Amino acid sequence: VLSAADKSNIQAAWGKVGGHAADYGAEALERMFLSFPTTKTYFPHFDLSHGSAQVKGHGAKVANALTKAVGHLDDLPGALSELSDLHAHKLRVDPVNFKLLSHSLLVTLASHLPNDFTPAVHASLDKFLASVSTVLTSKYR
């Protein structure tokens, strides 16, 4: 449902991110956990302290998935098939927690891309993350 205008804003932003993707994903996770303590209950098997190997590694996994998504903006339901099952059916992740991570991600991107994070680019990235969130919350019981 995303516009061509949004897609090219998203593609350009993530292209700038480049090989920083995994580092920024780990950052976004830390900002989520510290800003929103409720989200920590999803990761009790994790050491959640700063610079932990598990948050680092999980940050890389999340960023990888967003790279995959950025490349399939015409078909997110199709491309995030296994992740939708994981998040909706198996893990039963509360949809508000997607808004929380989404916000964390935007904070991280703004922090690192201050020149390229225009109002227009901000709005397109918010729509992209809301669109991914919808797919990940689409296949519950």
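Numbers follow the displayed sequence, beginning with 1.
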Selected stretch [higher average CA B-factor]: 73-81 or 28-36
73-81
Looking at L106, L48, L100, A63, which has the highest Cα B-factor in the entry?
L48
Where does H122 sit by CA temperature factor within its chain: lowest, middle or highest third?
lowest
Sorting the chain's modelled residues by C-alpha B-factor, tell me whether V55 ends up in the lowest, middle or highest third.
lowest
